[PDB]
Each structure stands twice: as structure tokens, then as C-alpha cells.
Amino acid sequence: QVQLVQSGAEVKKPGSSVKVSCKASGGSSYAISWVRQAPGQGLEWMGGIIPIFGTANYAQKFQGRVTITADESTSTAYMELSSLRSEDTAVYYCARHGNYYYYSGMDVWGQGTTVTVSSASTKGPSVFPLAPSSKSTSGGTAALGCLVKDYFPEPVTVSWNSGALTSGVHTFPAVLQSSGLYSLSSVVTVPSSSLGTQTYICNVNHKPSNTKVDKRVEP
Amino acid sequence: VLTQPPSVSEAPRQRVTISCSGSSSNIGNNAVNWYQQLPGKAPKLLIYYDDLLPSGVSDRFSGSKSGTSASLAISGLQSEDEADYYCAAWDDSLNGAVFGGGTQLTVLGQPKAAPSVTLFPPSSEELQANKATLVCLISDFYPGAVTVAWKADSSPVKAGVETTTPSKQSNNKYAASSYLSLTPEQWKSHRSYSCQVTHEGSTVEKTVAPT
């Protein structure tokens, strides 16, 4: 019944600060915790607040850079983390405990808020065709693609022929380069006989830079 | 602070045990809670106060606690159960909550599958922009672990390589990508470049060459 809704994703420069909100959609004698998860990592407790006792608790790892508050008028809890570093890149979760102890299980969870910390700046991608040839042809089917190079931040979305072509499409998760920029590729396998009769275009959308590219991919 | 097996393998409708090992100041004197995390979503409470079941959680899950270690049990193991599992408890010496590192429940077993590998050379459009990227796309492999090595000629190269972690596909097999960055002159100067993909001790190599 009760839902916890968190503010949206954030992209932050090292040394800055982020404040994430967690609004209780309805349903307050419960403790609230903040828990983060670095990509491909486990869960880490940041601290909590118990609004009806007006007391908070911070893990000592974060103490001096974290603040957890709760606003009773709107039953919104907040977690502010300052002096951000690249290792603070994570999904941040808000969760409500089953009672007023932090010992109790966390039975209601927000949806998570992605926070990315990086020194990179918003940049649209350069899109290159990956042309089909004899060397990407096997058994009468041809592989062709798009290389979406050097963009920041995530996400990019890719479609083929404005959505009319879906089967045979494999859009790969991006690599994060040492430059701080991302690159990904998208490929589609099609009948080799269709190369003279059908045109193939990848539609790349990079909303953070307000950029869309339609790239024709020819033999 | 708490330790779990990083991975756990078993077959359908079997029974699995996930151990959680702590110390006196956390598991020893505090309740243990278990969380299930499905891919790409928020953790969910599975077990609370050592052994109680939330509403809506299947009877197949159970927890127990003895001394400074705890254990989660799943019986009648099913495909839905593949997920990460975390134990958690309060710690009176850290005065905070601690989790275990988590346990991936690989529910057995999908057929082994060899990677399909496609290697693209740099586009003329990119070379004309004075850069060159070799793109090696690796799909449909199981289980989800590969290593990728590149060769300039028949000589290894490790400069300019960026490889992704593997990621699970729609069909429950895995995919990865690897990129080799070169100058337009490294590209033309050699007679070929190769992407070599090793999967479960066996290797598939694709080769490309300037026009």
C-alpha cells in the first residue's frame, strides 16, 4: 500500500554534493534507512533517521559528509552527500523498517536513485556505420551495425529503421573509457539478399545532449 | 563485515543453503534479516528476525541462526529464485547496519553455449576523421565469462583495449564487447588485426585486414 518514491537520477562532478529525496506515498513510527549499491557491488548502509524520535544515525565512513533529514509536513526523507568522489557512484535506496529500530527488516523500498560522479562533461556521440561485407557474412546472412562513440552521460538508445526492424538486433551495453566517455555498438543480422532492396538506418538518441543521429549503413 | 559465498549452484526443486558468517557483535547478539534482489530492481525483504516470513514470501524460504553465523534455506528450488541474496544484521561495535557481500543463485543449468564473434574494421568515415576503432562483438555465450585478447599481426597488443563486463541477454545467455583503438596509420601499417575470445578454455579468433 505505502510506496516510497525517490527523486531522479543525478550526474555530479567530483567535490560537489547531491541531495536525494524519498517521499512516503501515504502511510509513521518507522525508522528509515539509506542504503547504496555501487555498480556490480553489494549493499552498503549509509545511515538512517527515526522521525518520531528526531534522531539520526550515520555510518562512520560517511560522517562529516552525510546529512539525513526528514520533513514531517510532507513525510519526505532526504540524504545529502557532499565532497563526492567517483567511488560514490551508486544507486541510492531509501527504505522503511518494520518498526522504530534499525534492527528490524527493511520491508518497504524506494525505487532507487542513480548518482554518477565523474569529471566528464556532456557530449553527444559520433556515430559511425559498421558496414556489412563478405567478412561479416556467414551462410547468406549479413551483420551490419552502428558504432556510437565518445558520449557522456548515459543513456543512449538505439533503434533500427525507426522501430520497423527489431528481430536480429543486438544493442550492446556501453564500455566506459579511461577518458570518462562511453561508447557502445548496435548490430543487426539480416538476409544478405536484402542489401540491394532494403535501406538500413540506426536511430541513435542521446537525450542528455538533445541529440539524435540517423546513420545510413551501406555496403 | 559479513561473509557469504559469492555464488551458489544447484538444480531445480533441490534445496540450497546460503551461509552468513559474522561475529559476536553483529550476528551473535542481533537479529538477522535476508534480502532477495532480482536483476535491475530494489532489494526485497525475504526473512526477518532470524526466521520470520513476510507476507507474500513463499514458504520455500527459511532462515536459522546459531552463534555468530546464520543460514538461508531455499527448497523446491525454481527458476524464479535466481537472484542475489544478502544477509544483514545490526552491529553494536560499528553502531550500524552491515550486509554480507551477497550470493548469486545460479539455478542450474542452461546448455553451455560457445560465443558468436563478429569483428568490424574501422569505417572509412572514421579513418577520414583520423581515428580507427576495431569493434569485437561477442554474443550468445553461456556461462557468462569470457576473456578477450587482441593481436596486432601475430604479436599481442594490450594498448588501446577496452572490454566490457559480460551482461545477460534476453535469451539468458551473455554478451560482451571489446574495442581496439588505433591510429589510421597503425591500421594501415599492419597486414591484419585479430580479436581472440576465450570461453571455457576454448578460443574463437576473427581477423580483419585493411581493405
Side-chain angles (χ1 to χ4, degrees), chain A residues 4 33 35 37 39-48 57-61 91 93 95 97-98 101-112 126-133 135-136 138 143-145 147 149-150 170-178 183-187 189 215 217, chain B residues 4 30-31 33-35 37 41-49 52 54-55 84 86 88-91 94-102 116 118-126 129 131 133 135 137-140 162-167 169-170 175-179 181 206-209:
Chain A
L4 302 179
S33 286
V35 177
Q37 185 166 46
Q41 299 303 102
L43 302 174
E44 182 177 24
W45 191 71
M46 296 191 74
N57 290 82
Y58 302 160
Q60 204 244 319
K61 175 166 187 193
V91 174
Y93 295 102
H97 292 258
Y101 292 119
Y102 303 112
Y103 323 138
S104 56
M106 300 149 80
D107 67 338
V108 183
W109 288 70
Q111 70 285 0
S126 300
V127 178
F128 299 102
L130 306 176
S133 68
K135 60 167 98 196
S136 69
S138 190
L144 57 95
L147 161 66
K149 191 165 156 38
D150 291 342
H170 205 333
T171 298
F172 288 73
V175 71
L176 173 52
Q177 304 166 75
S178 50
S183 293
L184 61 79
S185 308
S186 185
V187 294
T189 53
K215 193 78 182 208
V217 183
Chain B
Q4 313 171 232
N30 294 289
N33 295 326
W34 288 87
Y35 300 91
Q37 185 169 34
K41 306 164 175 325
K44 166 183 174 213
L45 186 62
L46 249 202
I47 301 282
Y48 70 99
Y49 300 151
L52 313 180
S55 54
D84 278 283
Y86 295 89
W90 183 259
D91 189 288
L94 296 109
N95 207 43
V98 292
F99 297 87
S116 151
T118 307
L119 174 58
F120 290 98
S123 60
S124 52
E125 186 162 341
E126 174 186 36
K131 290 168 307 153
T133 301
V135 181
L137 302 176
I138 314 165
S139 61
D140 287 335
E162 295 134 319
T163 299
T164 65
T165 66
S167 82
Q169 301 170 178
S170 304
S177 348
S178 162
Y179 302 79
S181 300
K206 302 291 182 111
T207 306
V208 293

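Just the heavy atoms: all of them, side chains too, but no hydrogens, waters or symmetry mates, feed the values below. The chains referred to below are lettered A, B, ... by the order of the sequence lines, with proteins before strands, and numbering in each begins at 1.
Under the 4.5 Å side-chain criterion, counting only non-hydrogen atoms from C-beta, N33(B) is not in contact with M106(A). Side-chain contact check for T164(B) versus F172(A): every heavy-atom pair is 4.5 Å or farther apart. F128(A) is not listed as a side-chain neighbour of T133(B), based on a closest heavy-atom distance of 4.5 Å or more.
Pairing each heavy atom of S177(B) with each of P173(A), the nearest pair is OG-O, 3.8 Å. Nearest approach of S139(B) to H170(A), heavy atoms of both residues: CB-CD2, 3.7 Å. Considering all non-hydrogen atoms of both residues, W109(A) and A42(B) come closest at CB-CB, 4.1 Å. Contact between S185(A) and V135(B) at its shortest, heavy atoms only, is OG-CG1, 3.4 Å. For the pair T118(B) and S136(A), the tightest heavy-atom approach, listed with the atom from each and the gap, is CG2-CB, 4.2 Å.
Contact count versus chain A (heavy atoms, under 4.5 Å) is highest, among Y179(B), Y49(B), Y48(B), for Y179(B). Of the listed residues (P43(B), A175(B), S123(B), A88(B)), the greatest number of heavy-atom pairs within a distance under 4.5 Å of chain A belongs to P43(B). For the set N57(A), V91(A), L147(A), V108(A), the count of heavy-atom pairs under 4.5 angstrom toward chain B peaks at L147(A). Heavy-atom pairs under 4.5 Å with chain B were tallied for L130(A), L176(A), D107(A), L43(A); the largest tally goes to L43(A). Comparing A59(A), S133(A), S104(A), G145(A) by how many heavy-atom pairs each has under 4.5 Å with chain B, the most go to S104(A). Counting heavy-atom pairs under 4.5 Å between each of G110(A), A95(A), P129(A) and chain B puts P129(A) at the top. Per-residue counts of heavy-atom pairs under 4.5 Å with chain A were compared for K206(B), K131(B), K41(B); the largest is that of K131(B).
When heavy atoms are compared at a cutoff of 4.5 Å, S178(B) does not approach chain A at all. For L144(A), the part lying under 4.5 angstrom from a heavy atom of chain B is the backbone only. Only the backbone of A209(B) comes within contact range of chain A, judged by heavy atoms closer than 4.5 Å. Proximity to chain B (any heavy atom under 4.5 Å) is restricted, for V187(A), to the side chain, taken from C-beta onward. Looking at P122(B), there are no atoms closer than 4.5 Å to chain A (heavy atoms on both sides), in backbone or side chain. For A174(A), the part sitting under 4.5 Å from any heavy atom of chain B is the backbone (N, CA, C, O) and nothing else. Interface remark: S138(A) contributes no atoms to any contact with chain B (heavy atom separation under 4.5 Å). Contact of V217(A) with chain B is not made at all, since no heavy-atom distance falls under 4.5 Å. For a residue to count as touching a neighbouring chain, one of its non-hydrogen atoms must lie under 4.5 Å from one of that chain's; by this rule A176(B) touches chain A with the backbone only. At a 4.5 Å heavy-atom cutoff, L94(B) makes no contact with chain A through either its backbone or its side chain. Proximity to chain B (any heavy atom under 4.5 Å) is restricted, for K215(A), to the side chain, taken from C-beta onward. For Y103(A), the parts sitting under 4.5 Å from any heavy atom of chain B are the backbone and the side chain alike.
Here CD of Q37(A) is found 4.5 Å from OH of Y86(B). Values are rounded to the nearest 0.5 Å. Once rounded to the nearest 0.5 Å, the distance linking OG1 of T207(B) with NZ of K135(A) reads 10.0 Å.
Around atom CD of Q60(A), no more than 12 heavy atoms belonging to other residues, nucleotides or ligands sit under 6.0 Å away.
Under the salt bridge (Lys or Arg N to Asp or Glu O under 4.0 Å) criterion, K149(A) pairs with no residue at all, not counting sequence neighbours. In terms of the side-chain hydrogen bond (donor to acceptor under 3.5 Å, both in side chains) criterion, residue partners of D150(A) (sequence neighbours excluded) are, by chain and number, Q177(A).
The main-chain N or O of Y58(A) is never found under 3.5 Å from a side-chain atom of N95(B) such that the two would form a donor-acceptor pair.
Between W90(B) and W45(A), the ring-plane angle classifies as perpendicular under the 30° and 60° cut-offs.
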